[PDB]
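1. build the 3D model from these lines:
(2 chains, ligands or ions: 1)
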Amino acid sequence: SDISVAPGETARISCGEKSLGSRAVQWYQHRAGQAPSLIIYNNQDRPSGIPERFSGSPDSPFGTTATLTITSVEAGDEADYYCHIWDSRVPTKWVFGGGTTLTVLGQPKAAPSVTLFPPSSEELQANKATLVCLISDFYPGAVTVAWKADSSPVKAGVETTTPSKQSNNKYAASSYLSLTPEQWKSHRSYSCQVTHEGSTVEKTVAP
Amino acid sequence: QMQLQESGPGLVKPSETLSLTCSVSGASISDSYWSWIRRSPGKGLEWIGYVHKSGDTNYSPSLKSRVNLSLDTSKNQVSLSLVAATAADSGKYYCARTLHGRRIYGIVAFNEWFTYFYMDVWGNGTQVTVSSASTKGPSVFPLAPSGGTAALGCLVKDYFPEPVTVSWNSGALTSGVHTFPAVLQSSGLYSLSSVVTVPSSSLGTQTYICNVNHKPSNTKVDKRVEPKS
Ligand SMILES: CC(=O)N[C@@H]1[C@@H](O)[C@H](O)[C@@H](CO)O[C@H]1O
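-> Numbering: from 1, shown residues only, chains lettered A, B, ... in the order given. I have put the structure below:
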């Protein structure tokens, strides 16, 4: 079950069922926007490059659970953590266990960088129109986006992504407003309002 | 040093065969085992099977004998075939160099040891979607630029399925590039934007082209984007 720890404390993740025989448990780290990487093998051996502050458990005594332990937790430790358990008394396991997310509390807030583009001459020439609102490098990841035709709120025609965590632990998102060229030109301007952590940024474009 | 580039059709019709290929450089395919893992939308990782030059090869029984892993020494490639594609076969597929170890917990002669596997080098994986729906290439549009910097980009509109790649100036421009995760439209089609933050002073002098590739539809497009009137 997911966990959140403050920097410089330690996290423990427990994966799989209790052992029966001897084991050789591997641990995998899957950072956001990255391929998974091996961080522990043969219970507690470390590929070169993995800091000592990552540790797996012994397979003695039996009947215990594979537990990954990270001390001196830091922002970069935010990832999903799986295990691959091999047990001398159990048939080989093909699905990875775990996937527990580690949230590192107390990272600094980052305000969204918001960029609003009007529809292009080419798109308008293809008798279509799309406002493009880009929202990047913000933390925490919760955001809400509202569109305005002049001063009237617009919900119809809007497609807004779910925020996705980047490699640098910040989030990105984007929102689209589909117009007809005639609608785009009818209101005097359009606005993209992004609200994040009690602040609302407004970007505006006009024909 | 070692790099794994897995490639596939990026669309497969139900009850048809999925064929994926993993290109290897920096390493000989003969020196180790090779695995495929598939992550489904959301979380989870499923080890699909592993292959070796000596032919020590096994497969997850959950895949109901539908998969084949092979090696081509001349092309230094690993192959994955997935017969009878179903919706539950979608997701991102990883190629990964797999190494073996030996857990010896007792007396060897009494067989008191087993072989385990770990996967130390993973590729970035390739997206696979199962659907009777037809591929649609994206339409690409320029997003012209207006603190001492300017943002310009490309709109990649109405494509299916994922994924598309965006490079700038043929790869030469990566500093300050943000390619945004696609939006899934209620139409079932995808869009995405690629934006680059540039020094304002360069708007006239330097040229900016976005290179969009949507392989499933064989769509390759270059869009030149410059400031407008
Ligand atoms: C072996 C391999 O594929 N390496 C690439 C790496 O070159 C690239 O910079 C990175 C982007 O996150 O994606 C990895 O998958």
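2. quick one, longest strand in chain B?
-> strand B:91-104 (DSSP state E).
3. is that one positioned near chain A?
-> Yes. Contact of strand B:91-104 with chain A (CB under 8 Å from any CB of the partner chain) involves B:94, B:101, B:103. To be clear about C-beta, it is placed using only N, CA and C from the backbone, and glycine gets the same treatment.
4. and that strand, anywhere near the ligand?
-> No. Judged by CB under 6 Å from any ligand atom, strand B:91-104 stays clear of the ligand, getting no closer than 9.1 Å.
5. how does the chain divide into domains?
-> Just going to use chain A. When chain A is parsed with curated CATH domains, its domains come out as A:1-106, A:107-207.
6. look at chain B instead
-> Here the domain parsing of chain B from curated CATH domains is B:1-132, B:133-227.
7. rebuild those as a markdown table, extending it with distance to residue A:197 and mean neighbour count.
-> A markdown table is the format used below for these (distance: least, CB to CB, whole Å; neighbours: other CB atoms under 10 Å in any protein chain shown):
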| stretch | distance to residue A:197 | mean neighbour count |
| --- | --- | --- |
| domain B:1-132 | 26 | 17 |
| domain B:133-227 | 21 | 18 |
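8. wait, residue B:25 touches residue B:1, no?
-> No. Counting by CB atoms under 8 Å, residue B:25 does not reach residue B:1; the two are 9.1 Å apart.
9. returning to that earlier point: what does the helix or strand following the longest strand of chain B rub up against?
-> Later in the chain than strand B:91-104, the nearest helix or strand by DSSP states H and E is strand B:113-122. Strand B:113-122 is contacted by residues A:24, A:26, A:28, A:35-38, A:41-42, A:47, A:84, A:86, A:88, B:2, B:4, B:27, B:33, B:35, B:37, B:50, B:94-106 when judged by CB atoms under 8 Å, 6 or more residues apart in numbering or on different chains.
10. secondary structure element holding whichever residue of chain B sits closest to the ligand?
-> Of all residues in chain B, residue B:124 sits closest to the ligand, at 3.0 Å by CB to the nearest ligand atom. Following DSSP H and E, one finds residue B:124 outside all helices and strands.
11. for chain A, which segments count as helices?
-> For chain A, the helices defined by DSSP state H occupy A:121-125, A:181-186.
12. who does the most centrally placed residue in chain A form a beta bridge with?
-> Nearest to the mean C-alpha position of chain A, by CA atoms, centre = their mean, lies residue A:165 at 2.7 Å. With DSSP bridges applied, residue A:165 shows beta-bridge pairing to residue A:171.
13. on that earlier part again, make a markdown table from the helices of chain A and add distance to residue B:168 and mean neighbour count to it.
-> Shown next, in a markdown table, are those (distance: least, CB to CB, whole Å; neighbours: other CB under 10 Å):
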| stretch | distance to residue B:168 | mean neighbour count |
| --- | --- | --- |
| helix A:121-125 | 19 | 16 |
| helix A:181-186 | 27 | 14 |
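14. in this structure residue A:172 contacts residue B:180, no?
-> Yes. Between residue A:172 and residue B:180 there is a contact under CB under 8 Å: 5.8 Å.
15. which residues are common contacts for the two?
-> Common neighbours of residue A:172 and residue B:180 (CB under 8 Å, 6+ apart) are residue A:136.
16. dihedrals phi and psi, the residue positioned nearest the centre of chain B?
-> Centroid-nearest residue in chain B, with CA atoms, centre = their mean: residue B:126, separated by 2.2 Å. Per-residue torsions, residue B:126: phi -130, psi 140 (degrees, to the nearest 10).
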